[PDB]
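Residue numbers (the authors' numbering), protein chains in the order written: chain o, 3 to 247; chain a, 11 to 344; chain M, 2 to 43; chain m, 2 to 43; chain w, 20 to 71; chain L, 1 to 38; chain B, 2 to 51; chain i, 1 to 35; chain t, 1 to 30.
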Ligand code: CLA
Ligand code: CLA
Ligand code: CLA
Ligand code: CLA
Ligand code: CLA
Ligand SMILES: CC(C)=CCC/C(C)=C/CC/C(C)=C/CC/C(C)=C/CC/C(C)=C/CC/C(C)=C/CC/C(C)=C/CC/C(C)=C/CC/C(C)=C/CC1=CC(=O)C(C)=C(C)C1=O
Ligand SMILES: CCCCCCCCCCCCCCCC(=O)OC[C@H](CO[C@@H]1O[C@H](CS(=O)(=O)O)[C@@H](O)[C@H](O)[C@H]1O)OC(=O)CCCCCCCCCCCCCCC
Ligand SMILES: CCCCCCCCCCCCCCCC(=O)OC[C@H](COP(=O)(O)OC[C@@H](O)CO)OC(=O)CCCCCCCCCCCCCCC
Ligand code: OEX
Ligand SMILES: [Fe+2]
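See the structure below:
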């Protein structure tokens, strides 16, 4: 807000305030200009859910169980820039820069730890109408990069762009015509790009201050450690905030 | 007569089985909480992000370890030096992920060991003893506070603190070699001389007493039964063991005084471990050991290798491999 | 394929109760040598 | 995958020598109760 | 909120009443014997063996 | 502590009853091993 | 002079040690049920309760 | 988590106060020399 | 199955530490 901007740095630190997106006040309309460029879009999710096999009364249909985040306060995106292009039918947004990934890890019932990169990279938003309204609702696809860049070294010392490529303390595996092809999947490290679909919804606007904010819902796919396991569908919900300029 | 005087009379009574004392008022609650959390965290504790890079390192027995590899993992690099109790963690699952129980065990350990040390003073006061057994115990208290407290302070994180385990100890010693060169530092040199000398004068004093024992048994029963407990006769000819060592090296190198002899056994190790534990302390603040790399040159100016250059190439191997993902910039400032 | 917990069942089912019955015999002969007072009592 | 002969190594490496040292203590106390002549010698 | 600069880690008002009733509950035990004694009785020792 | 118990007794096992109890355990070990190994 | 099958009859005329024995059977029964249930939680898998 | 936290400050300043008021309890006079 | 042996060795070691402290053969003068 501007109320957050009143504070100094020593009053914010250690209080968990910089993690939290602003609260926009009031509702009206604002029109995106021709050269309109979005300035301070922050996204913070308030709840997480991982698609699992749930234990109902007699059936095992797939449902979302929620989860507790374990990385502490590092989940919020910030400073996301981008120009707001005006197509004729629908106003669009394409993000350009800003902190658009925040790696985090949630824990399921059972003790399973599921990390996932929460990101909005290469987002193509499209929403009904032209002007931002309390009934406005935009969304679109984003590309999730892999959770580890290819020069990550696993405990044996094997990466996609560096490291070894065989079980380094098992030297008798590469004997014979077959070699170590039985454990081939854990040697080949594949950088993976998946898709994610976010759906935002503006409901409170200032036009005298040119800042909007509302509730979103985002679904994406968790990580796999370069093909080590099957990734799992992760749903999340929260609130965002943006400065329309 | 009062309730407090009848409680001070019990808590300072030497007639208890174990003397409790006023330091036991904060020795026993501290060390039983460091114990009861250690047994649970060593047996059943989920993996811990130590490098702060969200790569959790398993350290307990239920997650596929043994006595050697299993270890209570230090806290995260993300926390660092911050105090991280259970109530400042928003769940226990968030506490155990980020290296929770390393701070609960260590801080209740260093309070309980510094209270076990003062408890050794207190009973020496109530028994009529001269007081200074607790000064000899200052030497492992100096060394325990050097690797769990002082070295995480000067390096700015408990993640550089020592892992509570056996294989975690040798992860600590080797990474400390590459980053600080402890073997060339003269305070590890002054305590290797403290424990090689300490184990020398232990087995040198323990042999000369056992050599000069007086006949009090038969050849059928044990040698040890010639000492009745609480007797007032001396159980070995000390003139005999003085004349032996007075000929084994020469005459003037032998302590005829048994009090000055039994003082030198307490001097040499304890001074050697005071000095050593202030080697880790001065190397906690990156005042490393000696560095004689590229020190010998010819007249042309080409570097002639020494043994320190071979030792350097062993340090360069550990330096480029410790925390192989945690670094992003060319110099390990931490 | 046999059950690998059966080696622990049999070889402790032998040794632990059979080493028990040896102990009751050794202390029996020690009490008899204890009272007898000659060359072995001590 | 662990070696299934290690259970027999450890659990007999515990029990067989530790049950041995118990026996030398029980016959020690039986000889002391054997000589003493009261209520337990027999 | 960890890195707040608050006295003795007293975050809430309720934790004070814990501290005051801890020191005082043993202080009142201590005053049952060593309190209400003569505050004007001296010694020229290094150590006093006055009373209980 | 309190005083010494007047109910202290001694345990006996002669050489005869040793061989019964040894043979009892080994024959039960021969019999039941084949079923435990399955 | 007791046989091996009468060793625990020294507790007949001793009520004070009749309790200490009956507490030791209790400390083994209760220690079983704790250590059995710890063993079962390392083995249980709540993946599909159906 | 603010209920556990209350329980710790009880237990700390219980035993710390036994320590503080232990040595104020004429503690040098508790020796085997006299009294 | 493997870690069950390690736990039994550890708490079994702490038993004989308990018996050595409290059930020790108390030394006596005369
Ligand atoms: C009595 C011994 C004892 C001691 C010293 C400690 C000490 C500690 N415990 Mg522990 N604990 C104990 C017993 C003890 N514990 C027991 C019995 C249990 C089981 C219930 C626990 C369970 C426990 C848990 C579960 C946790 C701790 C934690 C802690 C740490 C912080 C707790 C805190 O806020 O302290 C409160 C301390 C104060 C308010 C300060 C009191 C000091 C007084 C005021 C003296 C100062 C004098 C003053 C300066 C004079 C001024 C004069 C003026 C004129 C200037 C600390 C190292 C936490 C931890 O280590 O996390 C990392 C944690 O999570 N403890
Ligand atoms: C490292 C621990 C330690 C130990 C074992 C001792 C041991 C001793 N001190 Mg001592 N002392 C210490 C540190 C220590 N000191 C420090 C750091 C200070 C300065 C604050 C003092 C100030 C001091 C005085 C003024 C007196 C003693 C006395 C004594 C003797 C009797 C015990 C007593 O009543 O003191 C009580 C114990 C203390 C004062 C220190 C408690 C240390 C705790 C147990 C561990 C360390 C915690 C830390 C220092 C406290 C931080 C609190 C904060 C986090 C809130 C005994 C030889 C007395 C004596 O016999 O003098 C002739 C005496 O009158 N000490
Ligand atoms: C010939 C080889 C050799 C020798 C003899 C030594 C000798 C030593 N090294 Mg060294 N070192 C060597 C090679 C060697 N080094 C090499 C090659 C490297 C490079 C890898 C190092 C790297 C190195 C490091 C990094 C460190 C040492 C340290 C030490 C000292 C260890 C003493 C110690 O910590 O006890 C002191 C005792 C303790 C720490 C224990 C305290 C225990 C407390 C008091 C109680 C615990 C109670 C327990 C929990 C329960 C009790 C039982 C219970 C049942 C009641 C000693 C001087 C350490 C040092 O400098 O001192 C700190 C150290 O940190 N060395
Ligand atoms: C071949 C045998 C041998 C000898 C002679 C030494 C000798 C030494 N080692 Mg070494 N060492 C050895 C084998 C040996 N080591 C082995 C096999 C290892 C393991 C692989 C090590 C590992 C090791 C480490 C890791 C370190 C040493 C260190 C030392 C030095 C001090 C050790 C000390 O004081 O011990 C205690 C023993 C005594 C105090 C007894 C006295 C010993 C002195 C040297 C004899 C005095 C006689 C005198 C010179 C003659 C004049 C007297 C005359 C008038 C009668 C010393 C130079 C330390 C060092 O670097 O110091 C510079 C050190 O850090 N050594
Ligand atoms: C409530 C249960 C109970 C209790 C308290 C007793 C109590 C007693 N019985 Mg009795 N008994 C019981 C049930 C019980 N019995 C049952 C069910 C039977 C039928 C099998 C018998 C048959 C029986 C006989 C035939 C005799 C006694 C005798 C005795 C006395 C001494 C025991 C002794 O020296 O054994 C000492 C035993 C040993 C040193 C080792 C026995 C080893 C066993 C066989 C295998 C190991 C046990 C195993 C670990 C237990 C697993 C738990 C399982 C019960 C669930 C004592 C008064 C004796 C008596 O009359 O006193 C004069 C006697 O001669 N009992
Ligand atoms: C003529 C020709 C042909 C020409 C050639 C010339 C020629 C002949 C040359 C040859 C000469 C030649 C080299 C001879 C010299 C001989 C010589 C010395 C050779 C050896 C070489 C050598 C390197 C020797 C030096 C090493 C040496 C022996 C060092 C001694 C170390 C030393 C002083 C240690 C003391 C440590 C110490 C204080 C121990 C006491 C503490 C201790 C706990 C002891 C226990 C103890 C002590 C007691 O006291 C008593 C009472 C009791 C109870 C007791 O527990
Ligand atoms: C180029 C510079 C040159 C050097 C400059 C000097 C720098 C400072 C030197 C410091 C000297 C300190 C003197 C202390 C004397 C003293 O300790 O007396 C203590 C007693 C007194 O002697 C006992 O004394 C008694 C007589 S009386 O007390 O002295 O009157 C007598 O009864 C008894 O038999 C006798 O043994 O001595 C002994 O018990 C033997 C121990 C001697 C310890 C001194 C060696 C130095 C320490 C070892 C090295 C460090 C150990 C760790 C190494 C890793
Ligand atoms: C969890 C802990 C596990 C605990 C297990 C430890 C206890 C295990 C061992 C105890 C039982 C010991 C039995 C001792 C045996 C014993 O000592 O016998 C002697 C005993 C009584 O003998 P007396 O009364 O003469 O004893 C005099 C005393 O001085 C000594 O007992 O006899 C019996 O109790 C009944 C006879 C059983 C004898 C066995 C008869 C069957 C013969 C064997 C059959 C096999 C061959 C078959 C061929 C087909
Ligand atoms: O955390 Mn544990 O090791 Ca001490 O150096 Mn820097 O930080 Mn990390 O790297 Mn290298
Ligand atoms: Fe000695």
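Beta carbons: idealized from backbone N, C-alpha and C, even for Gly.
(1) Assign residue 25 of chain B to buried or exposed, taking buried as 16 or more other Cβ atoms, counted over all protein chains shown, within 10 Å of its Cβ.
(2) Suppose only complete runs of 3+ residues qualify. What are the beta strand (DSSP E) ranges in the stretch 286-341 of chain a, listed by chain order?
(3) Measure the alpha-carbon distance for residue 23 of chain i versus residue 40 of chain w and round it to whole angstroms.
(4) Considering only DSSP beta bridges, list what residue 242 of chain o is partnered with.
(5) Let me check understanding here. Comparing Cα to Cα, which of a/227, a/69, a/63 and a/294 lies closest to residue 343 of chain a?
(6) Please state the DSSP three-state secondary structure of residue 5 of chain m.
(7) Please go through the same chain and pick out, in chain order, the residues whose beta-carbon is closer than 7 Å to the beta-carbon of residue 177 of chain a, but skip the five residues on each side of it.
(8) Considering only residues of the same chain and omitting the five flanking positions on each side of residue 126 of chain a, which have a CB-CB separation below 6 Å?
(9) Is the beta carbon of residue 142 of chain a closer than 9 Å to that of residue 19 of chain i?
(10) Alpha carbon to alpha carbon, how far is residue 174 of chain a from residue 157 of chain a?
(11) With respect to 8 Å, is the separation between the Cβ of residue 27 of chain B and the closest non-hydrogen atom of ligand 5 below this value?
(12) So, does the stretch 86-99 of chain o touch the stretch 49-68 of chain o, judging by three or more C-beta pairs under 8 Å?
(13) For residue 32 of chain m, name the three-state secondary structure that DSSP assigns.
(14) In the DSSP assignment, the alpha helix (DSSP H) including residue 14 of chain t goes from what residue to what residue?
(15) State yes or no: is the C-beta of residue 29 of chain i nearer than 8 Å to some heavy atom of ligand 8?
(16) What does DSSP give as the partner residues of residue 128 of chain o in its beta bridges?
(17) Going by the CB atoms, is the gap between residue 166 of chain o and residue 26 of chain o shorter than 9 Å?
(18) How would you write the range of the beta strand (DSSP E) that residue 113 of chain a sits in, first residue to last?
(19) Can you find a CB in chain L that lies within less than 9 Å of the CB of residue 28 of chain m?
(20) Applying the criterion that 16 or more other CB atoms from any shown protein chain within 10 Å of the CB defines a buried residue, is residue 309 of chain a buried or exposed?
(21) Less than 8 Å separating the Cβ of residue 256 of chain a from some heavy atom of ligand 6?
(22) Out of curiosity, what's the CA-to-CA distance linking residue 240 of chain a and residue 222 of chain a?
(23) By Cβ distance, which residues of its chain are closer than 8 Å to residue 96 of chain a, with the 5 residues on each side in sequence left out?
(24) Do you know how far the Cα of residue 44 of chain w is from the Cα of residue 11 of chain i?
(25) Locate the beta strand (DSSP E) running through residue 11 of chain i, then write down its first and last residues.
(26) Give the DSSP-derived three-state secondary structure of residue 67 of chain w in the structure shown.
(27) What does residue 269 of chain a pair with, by DSSP beta-bridge criteria?
(28) Just the chain a side, please: which residues come within less than 8 Å of residue 70 of chain o by C-beta, in chain order?
(29) Over the uninterrupted beta strand (DSSP E) stretch that includes residue 117 of chain o, give me the two end residues.
(30) With C-beta atoms as the reference, is residue 149 of chain o less than 9 Å away from residue 119 of chain o?
(31) Starting from the Cα of residue 36 of chain o, find the closest Cα among o/11, o/10, o/94 and o/69 and give me that residue.
(32) Would residue 69 of chain o and residue 108 of chain o be called neighbours here (beta carbons separated by less than 9 Å)?
(33) Give a yes or no on whether 9 Å exceeds the smallest Cβ distance from residue 30 of chain i to chain a.
(34) Pair every Cβ in the stretch 187-207 of chain a with every Cβ in the stretch 225-232 of chain a, then say whether three or more of these pairs are closer than 8 Å.
(35) Where does residue 4 of chain m land, buried or exposed, given buried means 16+ other C-beta within 10 angstroms?
(36) Please confirm whether residue 138 of chain a has its beta-carbon closer than 9 Å to some beta-carbon of chain i.
In brief:
(1) Label assigned to residue 25 of chain B: exposed.
(2) For the stretch 286-341 of chain a, not a single whole beta strand (DSSP E) run of length 3 or above is found.
(3) When the Cα atoms are used, residue 23 of chain i and residue 40 of chain w turn out to be separated by approximately 20 Å.
(4) The partner list for residue 242 of chain o (beta bridge, DSSP) reads o/45.
(5) Selected option, being the one with the closest Cα: a/294.
(6) Assigned with DSSP and collapsed to three states, residue 5 of chain m falls in coil, not helix or strand.
(7) Leaving aside the five residues that flank residue 177 of chain a on each side, the residues in its chain whose CB is nearer than 7 Å to its CB run, in chain order, 78, 79 and 81.
(8) Hits under 6 Å: 37.
(9) The Cβ-Cβ distance between residue 19 of chain i and residue 142 of chain a does not fall below 9 Å.
(10) Looking at the backbone, the Cα of residue 174 of chain a and that of residue 157 of chain a are separated by about 11 Å.
(11) No, the Cβ of residue 27 of chain B stays beyond 8 Å of every heavy atom of ligand 5.
(12) The stretch 86-99 of chain o and the stretch 49-68 of chain o do not touch, with fewer than 3 CB-CB distances between them shorter than 8 Å.
(13) Looking at residue 32 of chain m - three-state DSSP - the assignment turns out to be helix.
(14) That run of the alpha helix (DSSP H) goes 3-22.
(15) Residue 29 of chain i Cβ: outside cutoff for every heavy atom of ligand 8.
(16) As DSSP reads the structure, residue 128 of chain o sits in a beta bridge with o/94 and o/141.
(17) Not a contact, by the Cβ cut-off of 9 Å.
(18) For residue 113 of chain a, there is no enclosing beta strand (DSSP E); the enclosing alpha helix (DSSP H) has its first and last residue at 110-136.
(19) Closer than 9 Å: no.
(20) Residue 309 of chain a should be labelled exposed.
(21) Inclusion of residue 256 of chain a in the 8 Å shell around ligand 6 follows from its C-beta lying nearer than that to a non-hydrogen atom of the ligand.
(22) So the two alpha carbons sit approximately 20 Å from each other.
(23) The residues are 102, 105, 110 and 114.
(24) Roughly 13 Å between the two C-alpha positions.
(25) Premise fails: residue 11 of chain i lies in the alpha helix (DSSP H), 4-23, not in any beta strand (DSSP E).
(26) Three-state DSSP puts residue 67 of chain w in coil, outside helix and strand.
(27) According to DSSP, which records beta bridges pairwise, residue 269 of chain a is partnered with nothing at all.
(28) Under the 8 Å cutoff, chain a gives 101, 103 and 104.
(29) Going by DSSP, residue 117 of chain o is part of the beta strand (DSSP E) stretching over 115-121.
(30) Cβ atoms of residue 149 of chain o and residue 119 of chain o: closer than 9 Å.
(31) Distances from the alpha-carbon of residue 36 of chain o to those of o/11, o/10, o/94 and o/69 put o/94 closest.
(32) Yes, the Cβ-Cβ distance between residue 69 of chain o and residue 108 of chain o is below 9 Å.
(33) Residue 30 of chain i has a beta carbon lying within less than 9 Å of a beta carbon in chain a.
(34) The stretch 187-207 of chain a, when compared against the stretch 225-232 of chain a, does not touch it at the 8 Å Cβ threshold.
(35) By the 10 Å Cβ count, residue 4 of chain m comes out exposed.
(36) Interface residue (Cβ-Cβ distance to chain i less than 9 Å): residue 138 of chain a is classified as such.
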